[PDB]
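Chains as they are written, first to last, in the working numbering: chain H, -3 to 221; chain R, 1130 to 1438; chain L, 13 to 63; chain A, 321 to 537. These notes are about the structure you will find just below.
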Amino acid sequence: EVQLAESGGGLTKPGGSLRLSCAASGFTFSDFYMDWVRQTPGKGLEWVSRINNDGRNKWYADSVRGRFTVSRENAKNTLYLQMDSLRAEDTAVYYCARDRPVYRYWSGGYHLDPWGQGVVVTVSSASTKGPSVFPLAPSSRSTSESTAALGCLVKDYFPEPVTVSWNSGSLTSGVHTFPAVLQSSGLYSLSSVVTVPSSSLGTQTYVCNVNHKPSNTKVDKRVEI
Amino acid sequence: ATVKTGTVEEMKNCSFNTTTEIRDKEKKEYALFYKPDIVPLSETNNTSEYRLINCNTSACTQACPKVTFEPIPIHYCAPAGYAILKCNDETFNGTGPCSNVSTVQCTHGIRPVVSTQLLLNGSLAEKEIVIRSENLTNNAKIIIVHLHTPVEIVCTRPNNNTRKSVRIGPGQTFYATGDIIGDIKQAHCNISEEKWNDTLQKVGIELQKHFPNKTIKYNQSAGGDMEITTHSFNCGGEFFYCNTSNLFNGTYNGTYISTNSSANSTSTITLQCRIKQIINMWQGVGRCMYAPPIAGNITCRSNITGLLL
Amino acid sequence: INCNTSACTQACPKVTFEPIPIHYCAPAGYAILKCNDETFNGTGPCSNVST
Amino acid sequence: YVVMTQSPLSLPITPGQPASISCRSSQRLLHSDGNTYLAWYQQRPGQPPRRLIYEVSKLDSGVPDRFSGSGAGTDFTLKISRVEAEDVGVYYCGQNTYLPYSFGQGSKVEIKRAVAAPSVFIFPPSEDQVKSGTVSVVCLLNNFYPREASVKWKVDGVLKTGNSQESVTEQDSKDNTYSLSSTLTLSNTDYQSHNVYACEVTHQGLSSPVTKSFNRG
Ligand SMILES: *[C@@H]1O[C@H](CO)[C@@H](O[C@@H]2O[C@H](CO)[C@@H](O[C@@H]3O[C@H](CO[C@H]4O[C@H](CO)[C@@H](O)[C@H](O[C@H]5O[C@H](CO)[C@@H](O)[C@H](O)[C@@H]5O)[C@@H]4O)[C@@H](O)[C@H](O[C@H]4O[C@H](CO)[C@@H](O)[C@H](O)[C@@H]4O)[C@@H]3O)[C@H](O)[C@H]2NC(C)=O)[C@H](O)[C@H]1NC(C)=O
Ligand SMILES: *[C@@H]1O[C@H](CO)[C@@H](O[C@@H]2O[C@H](CO)[C@@H](O[C@@H]3O[C@H](CO[C@H]4O[C@H](CO)[C@@H](O)[C@H](O)[C@@H]4O)[C@@H](O)[C@H](O)[C@@H]3O)[C@H](O)[C@H]2NC(C)=O)[C@H](O)[C@H]1NC(C)=O
Ligand SMILES: *[C@@H]1O[C@H](CO)[C@@H](O[C@@H]2O[C@H](CO)[C@@H](O)[C@H](O)[C@H]2NC(C)=O)[C@H](O)[C@H]1NC(C)=O
Ligand SMILES: *[C@@H]1O[C@H](CO)[C@@H](O[C@@H]2O[C@H](CO)[C@@H](O)[C@H](O)[C@H]2NC(C)=O)[C@H](O)[C@H]1NC(C)=O
Ligand SMILES: *[C@@H]1O[C@H](CO)[C@@H](O[C@@H]2O[C@H](CO)[C@@H](O)[C@H](O)[C@H]2NC(C)=O)[C@H](O)[C@H]1NC(C)=O
Ligand SMILES: *[C@@H]1O[C@H](CO)[C@@H](O)[C@H](O)[C@H]1NC(C)=O
Ligand SMILES: *[C@@H]1O[C@H](CO)[C@@H](O)[C@H](O)[C@H]1NC(C)=O
Ligand SMILES: *[C@@H]1O[C@H](CO)[C@@H](O)[C@H](O)[C@H]1NC(C)=O
Ligand SMILES: *[C@@H]1O[C@H](CO)[C@@H](O)[C@H](O)[C@H]1NC(C)=O
Ligand SMILES: *[C@@H]1O[C@H](CO)[C@@H](O)[C@H](O)[C@H]1NC(C)=O
Ligand SMILES: *[C@@H]1O[C@H](CO)[C@@H](O)[C@H](O)[C@H]1NC(C)=O
Ligand SMILES: *[C@@H]1O[C@H](CO)[C@@H](O)[C@H](O)[C@H]1NC(C)=O
């Protein structure tokens, strides 16, 4: 078996505090070193911390030393990371992974195996907002293609998730909701597009259907020549 | 030391006031002690108050760290006007006439190995297992089962201990374990359970010559202190006490078959071992001593016995 | 000065350190030889010897 | 400390062909205990990393037999006997011999398929956006291969570069091409200042100055 469950993920202001909990299943949790490892779009992977099997010796990366502390409760099969003084860069996906075994008589090599599915942490509390939405019009010279692309721009919202679709997801013909950007404004934005026959523009009411779960802000924004 | 299982809770962490060199001044100081060296102080509400085991019987000496217990061989020699005779007539029963005899002025090299439940590094019998007892009809008499071939034992303390020195009065240093480096894990001994099982067949066959047709039953030691109920050593300089209960197990019939197939197998029987530092040596109260700890970790390859049954 | 090394004994006041002369003697079945050949250099043959 | 580095970045490789990746540490990965503690991890799209190869070269439990590896000292390789669709994603080497445990910058396995030119489009901003204090003019390059693309922004024949933010798909699930959008986010003044907005293509297939345009409002 050997399955790891991270939990406790959330949002904070910079300088604040959060706590992550990893729960361990289908192995003898008293008998492993345990590690935290984290992922960002910039870095790929970064090691965060290691803890001994009995909780005694503990280690941390230079980027979080003293700011964070790691701990465990072998009575609960559970590991916790307490994070304080959170910087903007600590905005990452955090994973729990199992390291060196320590059996009764012997204690082998180092590992990161297996890994839990991770949790999300966000360190920027500014500009919490429901989206602006604009049509990306198949208008003017854009109309004169034989199977025009039409699109939508969902802009200046925070945090994620937005959910975006065409005609409530019923349209599929070359649908590209582009991966979102957390903009210089402090807010996310994305664009979506779909390709359709140019006489169907207006003949079908093409719609960018949007919701933003952090605010429940939603818009069935119609798109036209 | 870090609570948890008896593998780690074997170590208490204890602190005390101690006299510096300056007679009027006491310093707070701390050490790790194995649970058998320590005993709960009375006249308190079942608290964190303790003493050393021997303070109510005798003050033990620390053994000087230059002193080495290693069994370097002794030859005994006859004085002038005396001679030592020996049997060349091997497979000797221990009494009656030897047919082949020599003088020597000095014996072969004998090792002063002290132990219980097994001997170690002893010289082997010449051609066959030999069984000796002063009177087999009386169960009070030991049966020395002298072996023909050396079964091997491997013993270890896999904790990585650090030694620290505590200055006590003018010009003296007590030595104690300060810390365990990295991992905990348990002190133990390993025997290849293949060779052991064959050896209990072969002792079965020879012991049956004195008890014909009977099945032979081995069993654990009946009961008492660690010093009675465990095998014992001094590997490096630690007084191991190993529980032999899984070793002297099973009963073997007059069939005595080679149940160990000629193909390779890796079955090891493992003994878990206590350790002590305060020892009341040779069941003497005034003989007692404290062995200083040894830094690092220990391994202790050895050849076993003529069994003390 | 010595409490951090060893507690020294007072030398007993009856004891006396004055350099009273020792004579060394050879036991039975041994002999002492000396040079009479004074202005000896400290090694090599001595030309005038006594027991 | 131990720096890490992988040699190939993209592996745009046909299903069925062998591939290999090499990783080269700053210092030898041999531990004092006498093992060498490199491992190789695969991350599929949208998943945690999992470990394929470890203790230099042993397969971890459940790993497909097509994966394999070698090396010594600082230099080690992951070999795939034949790449397959489920192999798509990012591979990292990582070392565990010295703290901090550290990772290669990654390598990406990708399906090879024909060098498809984009379908190319531009979008006039909508009338609500056209009055709004900032205006995103937009261009689309659609269903092209390989992945590498961008837009050069123009208006009235003038170069109009600046706030051209861009975004790209992963490899397409229906045809294994890719798509791109570009998002020139002007002020209302800088938008209304100029008229015949144009986007010029850049694609590693279609590198040509192919261009679409609209006159403003
Ligand atoms: C005295 O005698 C005692 C008793 O015989 C000895 O104590 C036992 O020693 C062994 C070591 O010899 C103890 O550990 C085991 O290790 C072996 C080898 O496998 C392991 O080592 C690998 C090398 O680093 C490691 O790769 C393995 O784990 C990883 O790999 C998988 C790959 O998929 C990965 O998923 C993991 O995340 C890890 O990265 C592994 O730890 C092993 O055989 C032992 O038992 C296991 O293996 C069998 C299959 O072989 C399996 O069926 C079992 O379920 C079990 O997992 C064990 O893991 C062993 O635990 C000791 N026993 C006790 C009770 O402590 C002692 O060594 C002797 N001392 C002396 C002085 O000689
Ligand atoms: C049975 O026979 C076995 C085979 O002869 C015995 O095993 C051998 O035991 C000896 C002693 O334990 C090992 O020799 C070594 O001892 C030194 C001791 O430390 C010295 O150095 C320090 C400073 O560094 C100093 O403070 C000490 O006073 C000592 O002077 C160790 O340092 C060595 O590393 C080494 O371990 C043999 O190596 C060992 N042989 C094998 C093959 O392992 C066994 O002891 C016998 N007795 C029993 C009861 O079985
Ligand atoms: C056992 O413990 C000792 C004491 O901590 C270790 O010795 C130190 O090891 C480190 C790492 O190799 C060195 O930097 C130090 O110079 C060593 N000496 C001291 C006094 O710290 C030893 O490595 C440990 N061995 C094992 C197997 O754990
Ligand atoms: C090995 O010896 C032990 C101890 O003598 C036996 O265990 C039990 O001992 C008590 C002693 O009061 C008896 O009352 C029990 O009857 C014994 N148990 C059994 C199952 O009879 C043990 O029997 C011996 N081992 C074997 C293999 O018989
Ligand atoms: C202290 O422990 C180390 C680690 O177990 C011992 O070194 C090893 O000994 C075992 C058994 O012989 C081997 O299987 C390992 O491969 C060895 N490891 C290394 C790194 O050499 C060491 O012998 C012990 N020290 C003492 C003085 O007994
Ligand atoms: C033991 O207790 C003392 C109390 O002073 C403490 O300083 C020390 O860190 C402890 N050591 C361990 C290994 O528990
Ligand atoms: C010494 O103390 C222990 C404490 O359990 C006790 O068992 C033992 O009988 C005592 N012996 C004497 C002579 O006081
Ligand atoms: C143990 O037995 C082997 C048998 O080959 C022998 O080589 C070795 O010298 C013996 N060691 C001791 C200490 O008796
Ligand atoms: C064998 O030795 C035992 C123990 O000394 C003795 O009782 C027995 O009579 C001896 N038998 C012979 C024939 O030597
Ligand atoms: C021992 O066993 C053999 C064969 O079963 C038998 O002939 C013999 O009489 C037995 N002896 C005793 C003392 O029972
Ligand atoms: C020895 O170990 C057995 C379990 O294997 C245990 O029941 C017994 O109490 C132990 N005896 C001693 C003397 O430690
Ligand atoms: C004893 O104390 C004095 C204090 O000045 C110091 O010079 C000397 O080295 C010390 N000796 C030892 C062995 O600590």
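We treat Cβ as the ideally placed atom computed from N, Cα and C, and that holds for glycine.
### Residues whose Cβ lies closer than 5 Å to any heavy atom of ligand 8, in chain order
Residues with a Cβ closer than 5 Å to any heavy atom of ligand 8, in chain order: R/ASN1250, R/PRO1279, R/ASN1432.
### Query
What residues come near ligand 11, if near means a beta carbon less than 5 Å from any of its heavy atoms?
Listed by position in the chain, the residues whose beta carbon lies within less than 5 Å of some heavy atom of ligand 11 are R/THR1358, R/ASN1372, R/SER1374.
### Task
Leaving aside the five residues before and after H/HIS107 along the sequence, list all residues of the same chain whose C-beta is less than 6 Å from its C-beta, in chain order.
Cβ within range, chain order: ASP95.
### Task
Give the interface partners of A/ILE341 over in chain H, defined as CB-CB distance under 8 Å, in chain order.
Chain H residues near A/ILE341: none, gap ~14 Å exceeds 8 Å.
### Query
Looking only at its own chain, which residues have a Cβ that is under 7 Å from the Cβ of H/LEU41, when we skip the five neighbours before and after it?
In its chain, beyond the 5 residues on either side, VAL33, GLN35 have a beta carbon closer than 7 Å to the beta carbon of H/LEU41.
### Task
Could you tell me whether any Cβ in chain H is nearer than 9 Å to the Cβ of R/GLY1135?
Not one chain H Cβ lies under 9 Å of R/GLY1135.
### Task
Could you list which residues in chain H have their beta carbon closer than 8 Å to that of A/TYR412, in chain order?
Within chain H, the residues near A/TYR412 are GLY40, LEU41.
### Task
Indicate whether at least one CB of chain A lies closer than 9 Å to the CB of H/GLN179.
Cβ-Cβ to chain A under 9 Å: yes for H/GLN179.
### Task
For A/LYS532, I'd like the list of residues in its chain whose CB is within less than 8 Å of its CB, leaving aside the five on either flank, ordered along the chain.
Cβ within range, chain order: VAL440, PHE441, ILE442, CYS459, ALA518, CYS519.
### Task
Could you tell me whether the Cβ of A/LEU398 comes closer than 9 Å to any Cβ of chain H?
For A/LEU398, no Cβ of chain H is located within less than 9 Å of the residue's own Cβ.
### Message
In the DSSP output, what is R/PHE1368 paired with across the bridge?
### Response
R/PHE1368 is not bridged to any residue.
### Query
Terminal residues of the continuous alpha helix (DSSP H) containing H/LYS214?
No alpha helix (DSSP H) contains H/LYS214, which is instead part of the beta strand (DSSP E) from 213 to 218.
### Per-residue contacts from R/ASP1312 into chain H (C-beta, under 7 Å)
By Cβ distance, chain H contributes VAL98, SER103.
#### Entry: Residues that A/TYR465 contacts on chain H, provided the C-beta gap is smaller than 8 Å
Within chain H, no residue comes near A/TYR465; the closest Cβ sits about 15 Å away, beyond 8 Å.
### Task
Using the DSSP secondary-structure output, state which residues sit across from A/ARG344 in a beta bridge.
Looking at the DSSP assignment, A/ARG344 forms a beta bridge with A/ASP395.
### Query
Taking all protein chains shown into account, do 16 or more other C-beta atoms lie within 10 angstroms of the C-beta of A/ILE341, making it buried, or fewer, making it exposed?
Classification of A/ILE341: buried, given that the 10 Å Cβ count is 16 or more.
#### Entry: Touch test, the segment 1399 to 1411 of chain R against the segment 1365 to 1381 of chain R, Cβ-Cβ under 8 Å, three pairs minimum
Under the Cβ criterion (8 Å, minimum of three pairs), the segment 1399 to 1411 of chain R counts as touching the segment 1365 to 1381 of chain R.
### Message
Please report the distance separating the alpha-carbon of H/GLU220 from that of H/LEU146.
### Response
Rounded to whole angstroms, H/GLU220 and H/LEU146 show a C-alpha spacing of 8 Å.
### Buried versus exposed, by CB contacts within 10 Å (16 or more), H/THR201
The residue in question, H/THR201, is exposed, as its Cβ has fewer than 16 Cβ neighbours within 10 Å.
### Query
So H/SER21 and H/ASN70 are in contact, right, with Cβ under 8 Å, and what is the actual spacing, rounded?
About 14 Å; that fails the 8 Å criterion.
### Query
With distances taken from CA atoms, which of H/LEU197, H/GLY198, H/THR199, H/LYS217 is nearest H/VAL206?
Scanning H/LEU197, H/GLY198, H/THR199, H/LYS217 for the CA closest to the CA of H/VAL206 turns up H/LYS217.
### Contact belief for R/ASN1326 with R/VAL1283 at Cβ below 8 Å, rounded distance in angstroms
Incorrect: roughly 17 Å between the Cβ atoms, too far for contact.
### Query
For H/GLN(-1), which residues of its own chain have a beta-carbon under 6 Å away from its beta-carbon, when the five flanking residues on both sides are left out?
If we look at H/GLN(-1) and ignore the five residues flanking it on each side, its Cβ neighbours are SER21, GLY22.
### Query
Would residue 1439 of chain R be called buried (16 or more neighbouring beta carbons within 10 Å of its own) or exposed?
As displayed, chain R neither begins before 1130 nor continues past 1438, which places residue 1439 of chain R out of reach and without an answer.
#### Entry: Sheet register partners of A/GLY414 (DSSP bridge)
In the DSSP output, where bridge partners are listed per residue, A/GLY414 has A/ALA359, A/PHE423.
### Task
Determine the chain R residues that contact H/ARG52 at a beta-carbon separation under 8 Å, and present them in chain order.
Going along chain R in sequence order, the residues near H/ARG52 (Cβ under 8 Å) are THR1131.
### Task
Could you list the residues in the segment 13 to 45 of chain L with a C-beta less than 9 Å from some C-beta on chain R, going in chain order?
Within the segment 13 to 45 of chain L, the qualifying residues are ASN14, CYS15, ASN16, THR17, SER18, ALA19.
### Query
Touch check for the segment 135 to 150 of chain H and the segment 187 to 197 of chain H: three-plus C-beta pairs under 8 Å?
These segments touch.
### Message
Among H/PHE174, H/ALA133, H/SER128, H/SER161, whose alpha-carbon lies nearest the alpha-carbon of H/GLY198?
### Response
For H/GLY198, the nearest C-alpha among the options comes from H/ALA133.
### Task
Counting only the same chain and skipping the five closest in sequence on each side, list residues whose C-beta sits under 7 Å from that of H/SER81.
If we look at H/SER81 and ignore the five residues flanking it on each side, its Cβ neighbours are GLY11, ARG63.
### Task
May I have all residues whose beta carbon comes closer than 7 Å to any heavy atom of ligand 4, sorted in chain order?
Residues with their Cβ less than 7 Å from any non-hydrogen atom of ligand 4, running along the chain, are R/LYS1346, R/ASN1348, R/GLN1349, R/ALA1351, R/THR1380.
### Message
Under 9 Å, Cβ to Cβ, is there at least one residue of chain R near H/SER26?
### Response
Interface residue, yes.
### Query
DSSP state of R/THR1136, grouped into three classes?
Residue state, collapsed to three classes: helix.
#### Entry: Neighbouring residues, chain L, relative to R/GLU1150 (Cβ below 7 Å)
In chain order: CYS15, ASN16.
### Task
For R/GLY1300, go through chain L and note every residue whose CB falls closer than 7 Å to its CB, in chain order.
Residues of chain L passing the Cβ test: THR17, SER18, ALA19.
### Query
In chain order, what residues of the same chain have a beta carbon less than 8 Å from the beta carbon of H/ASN212, not counting five sequence neighbours either side?
Annotation for H/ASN212: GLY126 place their beta carbon closer than 8 Å to its own, counting only its chain and skipping 5 residues before and after.
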